[PDB]
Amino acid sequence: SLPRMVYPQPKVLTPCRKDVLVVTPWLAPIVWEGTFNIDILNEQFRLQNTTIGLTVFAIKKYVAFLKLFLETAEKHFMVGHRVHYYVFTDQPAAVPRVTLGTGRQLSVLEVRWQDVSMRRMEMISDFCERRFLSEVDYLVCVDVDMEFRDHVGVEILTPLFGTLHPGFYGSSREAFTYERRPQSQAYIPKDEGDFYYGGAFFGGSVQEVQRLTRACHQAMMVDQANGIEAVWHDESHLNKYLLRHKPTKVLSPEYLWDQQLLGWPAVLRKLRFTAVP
C-alpha cells in the first residue's frame, strides 16, 4: 500500500504530451519527460526493495570509458535504489576505483571475430542463468562509451524494454537499417517493423533479458553456420526479437542520444544518457 501523497491531479482532458506518441499500439508506455511522476514510481519500486543490475562491457581500449561512465551513473542512475554494476572486461586491473553511494556495488567479471560479435549476448545470457537471477530483479544492458547527464530511474523498469535509436525515431520503417537479406535470422521485410531499437540500451526482468539474449545468441550462431553476419550485428537480432516479442515499455531517445551528431531537438526536454565525443 502506498502512503498518502500530495501531487497534482492527472487531468484526463489534458494530454501529457501533444508532440509525441506516448503509448505504443500494443499499449506499452513510451517514456518521455512529462509522462511520469517519479515520486509515485519511486514509492512503488522502493516498497518492493527493487535491485537493478547494470551490465557494461569494456574490452581493450574501451576500459578508458569506465571512469566517466561509472561516476555519472552514480549521479543519475537509479539513485536511492539498490544497484549492482557488472563490468565485463579483459583487463580487471584497468577498472577504475570509483566511489559508490550506499546500497550500490560493483563486480568485475573477466572475459575469432565471430565469437567477439556474439560475446555480449552469450555472456549476458550465461550470467542471467547464474549470478543475475539470485542478485537482481531487473537488468539494464548498455554501451560503455557513454555518460549519464540526467535522471535515469525506475520509470524504465518493466518486464522487457527497448530504446528508440536516436538516428531513426522520426524515420519511416522502409528507411530503418534492419537486416534485409532473407538468408539471415535477423531478416525484417520492408513492410514490417514498429521502431528501430538501439543495441546500446535494453533491459527488463532477469527472466525476460535471459530469453532475449539467449534467442539473439542462438540466432547469431545459426547465421554464423550459414556464413552471414547481420548488417548491425547483435542490434539487428535485437530488432528482430523485439518485433516478434513486443516490449512492455519503450524508452524515448532521451535515454540514448548523441549531441555531437544530432544536436538538442525541441522534442527532447532532457538528454539523459549520451555518447561521449
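When you see a residue number, it is the position in the sequence shown, counting from 1.
J.: Are any deposited residues left out of the model between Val111 and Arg112, and how many (none, 1 to 3, 4 to 9, 10 or more)?
T.: According to the record, 4 to 9 deposited residues lack coordinates from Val111 to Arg112.
J.: Comparing 74-82 with 171-179, which has the greater mean CA B-factor as deposited?
T.: Comparing averages over the C-alpha atoms only gives 171-179.
J.: So 187-195 or 147-155, which one's hotter by mean CA B-factor in the entry?
T.: Looking at the record's C-alpha B-factors, the answer is 187-195.
J.: Which of these has the highest Cα B-factor in the record: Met118, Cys141, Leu164, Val87?
T.: Each of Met118, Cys141, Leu164, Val87 was compared by C-alpha B-factor; the highest is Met118.
J.: For the listed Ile52, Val231, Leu212, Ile40, which has the peak Cα B-factor recorded in the PDB entry?
T.: Each of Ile52, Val231, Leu212, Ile40 was compared by C-alpha B-factor; the highest is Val231.
J.: By its CA B factor, does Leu160 count among the lowest, middle or highest third of the modelled residues in the chain?
T.: Lowest third, going by the recorded CA B-factors of the chain.
J.: Select lowest, middle or highest to describe the third in which the CA B-factor of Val12 falls within its chain in this entry.
T.: Ranked within chain, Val12 CA B lands in the highest tercile.
J.: Going by the entry, which third of its chain does the Cα temperature factor of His245 land in?
T.: As the PDB entry reports it, the C-alpha B-factor of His245 lands in the middle third of its chain.
J.: Could you tell me which third, lowest, middle or highest, the C-alpha B-factor of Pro29 occupies within its chain?
T.: As the PDB entry reports it, the C-alpha B-factor of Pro29 lands in the lowest third of its chain.
J.: Quick one: classify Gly203 as lowest, middle or highest third of the chain based on its Cα B-factor.
T.: For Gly203, the deposited C-alpha B-factor lands in the lowest third.
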